[PDB]
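Enquirer: After the structure tokens below, expect a handful of questions from me.
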Amino acid sequence: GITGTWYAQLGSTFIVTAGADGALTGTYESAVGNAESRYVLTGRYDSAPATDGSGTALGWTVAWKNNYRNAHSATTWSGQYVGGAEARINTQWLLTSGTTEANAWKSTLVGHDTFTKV
Amino acid sequence: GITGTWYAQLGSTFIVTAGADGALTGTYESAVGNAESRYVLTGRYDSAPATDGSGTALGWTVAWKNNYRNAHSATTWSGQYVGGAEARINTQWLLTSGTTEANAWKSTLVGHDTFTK
Amino acid sequence: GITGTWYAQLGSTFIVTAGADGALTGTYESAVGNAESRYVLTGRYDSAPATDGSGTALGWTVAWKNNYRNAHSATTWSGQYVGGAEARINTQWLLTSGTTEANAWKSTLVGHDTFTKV
Amino acid sequence: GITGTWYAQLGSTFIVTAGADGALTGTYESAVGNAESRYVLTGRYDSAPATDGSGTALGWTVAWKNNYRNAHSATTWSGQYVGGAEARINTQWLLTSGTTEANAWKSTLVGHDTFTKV
Ligand SMILES: O=C(O)CCCC[C@@H]1SC[C@@H]2NC(=O)N[C@@H]21
Ligand SMILES: O=C(O)CCCC[C@@H]1SC[C@@H]2NC(=O)N[C@@H]21
Ligand SMILES: O=C(O)CCCC[C@@H]1SC[C@@H]2NC(=O)N[C@@H]21
Ligand SMILES: O=C(O)CCCC[C@@H]1SC[C@@H]2NC(=O)N[C@@H]21
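This is the structure:
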């Protein structure tokens with residue numbers, strides 16, 4: 016049920032495909048930040064989830080470079096898929112920008128995105 | 016200078032190839048936790064980093080499921096590559112385990128790994 | 016604006032007094048984890064926020080030790096107060112448990128809590 | 016012990032006092048960022064740690080307003096005190112800046128500071 020087009024609360028668009036090999040592949044389009052149009056994404060999910068009610072662990076990465084623009088940053092979303100009526104992906108994320116060593120302390124933003132298909 | 020074998024301070028070994036597209040492909044062997052043997056990794060990196068002296072931003076993910084076991088969890092490392100004599104990959108990570116939604120508040124461990132050649 | 020009772024989506028209850036000086040004092044009661052009854056909180060807030068409509072920065076810490084129970088752990092919430100329609104305090108938090116050195120890699124949980132007056 | 020003068024890897028000076036009541040009080044002086052001189056800090060720590068070799072959980076907060084300037088931001092450090100050998104304090108921290116609603120996704124930085132007495 017992961018495979019599909021999802022939207023973040025931010026309004027960003029997350030198009031993903033979950034392979035039977037546990038792969039995640041698609042594109043990301045951010046509603047905010049130093050970004051434009053779509054960015055490639057790759058990640059991994061648990062292809063054989065617990066059957067107890069547990070969500071499905073997954074993660075994916077976006078390097079914020081594409082054909083038009085390079086923010087010299089990468090975001091990784093770590094989280095889980097939750098099934099049901101209104102399936103959601105609840106994540107937390109780390110957005111690291113390349114920095115000088117002096118500035119590494121402020122290299123990384125953290126936050127949380129929730130994704131629905133609506 | 017990212018492609019090859021990297022070693023975290025925990026003892027873990029990260030084996031990776033960086034493709035010109037911006038792909039990261041490889042395998043991770045954890046020294047800790049619910050883990051055994053090698054695990055597939057996939058991620059992205061900035062193929063065209065800045066020149067002012069900035070590291071190369073990258074991130075990758077491991078779903079802790081392989082031939083030998085399934086821990087029902089995944090880790091994303093987000094951070095940057097810093098070249099030079101003692102190159103490093105300096106990361107922060109998020110490890111999300113699948114939980115009931117009642118337990119989702121404690122789903123996610125945060126930490127940091129420094130990798131070296 | 017900050018002084019008073021606030022409620023976590025989780026169910027937890029947070030009572031604070033914001034000192035003119037920038038002090039945060041009060042109690043926290045968790046709806047989850049190794050916790051029982053109320054715990055002391057202390058923290059700091061920006062007592063001179065900007066006037067552009069920007070939220071008010073603040074933070075607080077709870078060590079999960081009280082007269083009843085001790086989890087050997089601590090949580091810090093970092094975030095901002097937003098006033099208006101429905102005032103809110105939006106946060107992210109870090110919960111660190113005491114661990115041996117060999118288990119330090121798994122010492123800390125990360126999440127987010129949004130608080131409201133109702 | 017936790018009381019004393021601590022130095023982060025960053026060069027920052029952490030001057031803290033751990034009370035009997037489990038309070039953390041003192042001043043923080045960052046070597047980096049939109050800050051100068053000393054800022055009040057306040058926090059909590061576990062006054063009754065385990066005795067299995069487990070570290071000591073604690074955390075504190077700094078609002079980055081003082082008499083010289085106001086960054087409209089606050090950091091919280093969450094971590095644990097590790098005694099014996101080169102005693103040290105290992106933390107992760109969250110730095111939230113007051114922002115509009117639109118800009119809240121980039122309001123929070125995250126990192127890790129290790130403190131030693133050297
Ligand atoms: O500004 C950059 O460095 C690149 C744009 C990053 C946008 C971030 S990634 C986390 C969050 N979720 C989104 O959909 N957008 C923001
Ligand atoms: O326990 C699990 O759920 C799977 C193995 C977890 C290993 C973690 S990922 C973060 C940290 N860095 C490592 O090299 N290993 C641990
Ligand atoms: O289990 C412990 O060690 C104590 C944890 C207390 C509850 C946590 S703190 C972060 C989150 N927000 C809450 O209101 N409760 C949980
Ligand atoms: O820039 C600001 O908003 C205030 C300065 C913040 C300095 C940060 S707090 C985390 C890190 N550790 C330090 O000692 N300094 C930086």
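Chains as they are written, first to last, in the authors' numbering: chain B, 16 to 133; chain A, 16 to 132; chain D, 16 to 133; chain C, 16 to 133.
All C-beta atoms, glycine included, are put in the ideal place defined by N, C-alpha and C.
(1) For chain B, find out if any of its Cβ atoms is closer than 9 Å to the Cβ of D:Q24; answer yes or no.
(2) Hey, how far is the Cα of C:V97 from the Cα of C:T20?
(3) With three or more C-beta pairs closer than 8 Å as the rule, is the segment 80-96 of chain A touching the segment 108-117 of chain A?
(4) Who does A:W79 pair with in a DSSP beta bridge?
(5) So does B:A46 have its beta carbon nearer than 8 Å to some heavy atom of ligand 1?
(6) Reducing DSSP to helix, strand and coil, say where A:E116 ends up.
(7) Taking 8 Å as the line, does the beta carbon of D:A100 fall inside it for any heavy atom of ligand 1?
(8) For a contact defined as C-beta to C-beta under 7 Å, what are the partners of A:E116 on chain B?
(9) Taking Cβ-Cβ distances below 7 Å as the criterion, which residues of the segment 64-90 of chain C are in contact with chain B?
(10) What does B:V125 touch in chain D if you count any residue whose Cβ is under 7 Å from its own?
(11) Could you list the residues in the segment 17-50 of chain B with a C-beta less than 8 Å from some C-beta on chain C, going in chain order?
(12) Whole angstroms is fine: what's the gap from C:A33's alpha carbon to C:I104's?
(13) Spell out a yes or no on whether the segment 39-53 of chain B and the segment 38-52 of chain A are touching, meaning 3 or more CB-CB pairs, one atom from each, closer than 8 Å.
(14) Work out the CA separation of B:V125 and A:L124 for me, nearest whole Å.
(15) When every heavy atom of ligand 2 is checked, does at least one fall within less than 8 Å of the C-beta of D:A33?
(16) Let's see if you can read the secondary structure: which residues bound the beta strand (DSSP E) around C:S88?
(17) In terms of residue numbering, what span does the beta strand (DSSP E) encompassing D:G58 cover?
(18) Mind reading off the beta-carbon distance from D:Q95 to D:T71? Whole number of angstroms is fine, and I expect it under 8 Å.
(19) Would A:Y22 and A:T131 qualify as a contact pair, given that the criterion is a beta-carbon distance under 9 Å?
(20) Please tell me whether D:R53 has its Cβ less than 9 Å away from any Cβ of chain C.
(21) Give a yes or no on whether 9 Å exceeds the smallest Cβ distance from D:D128 to chain C.
(22) Are B:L39 and A:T57 close, meaning C-beta to C-beta below 9 Å?
(23) Rounded to the nearest angstrom, what separates D:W120 and D:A65 at their Cα positions?
(24) For ligand 2, I want to know if A:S88 counts as a neighbour, meaning its beta carbon is within less than 8 Å of at least one of the ligand's heavy atoms.
(25) For D:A78 versus C:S69, is the C-beta spacing smaller than 9 Å?
(26) Within 9 Å of any Cβ in chain C, is that where the Cβ of B:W120 sits?
(27) CB-CB under 7 Å to B:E101, same chain, minus the five flanking residues each way: which ones, in chain order?
(28) Ligand 4 and C:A50: does the residue's C-beta get closer than 8 Å to at least one heavy atom of that ligand?
(29) Run the CB neighbour count on B:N81, radius 10 Å, all protein chains shown included, and call it buried at 16 or more, exposed below.
(30) If you draw a straight line from the alpha carbon of B:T18 to that of C:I30, how long is it in whole angstroms?
Expert: Checking against the coordinates, here is how it stands:
(1) no
(2) 15 Å
(3) yes
(4) Its beta-bridge partners do not exist; DSSP assigns none.
(5) yes
(6) helix
(7) no
(8) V97
(9) none
(10) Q107
(11) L25, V47, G48
(12) 13 Å
(13) no
(14) 13 Å
(15) no
(16) 85-97
(17) 53-60
(18) 6 Å
(19) yes
(20) no
(21) no
(22) yes
(23) 38 Å
(24) yes
(25) no
(26) yes
(27) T131
(28) yes
(29) buried
(30) 51 Å
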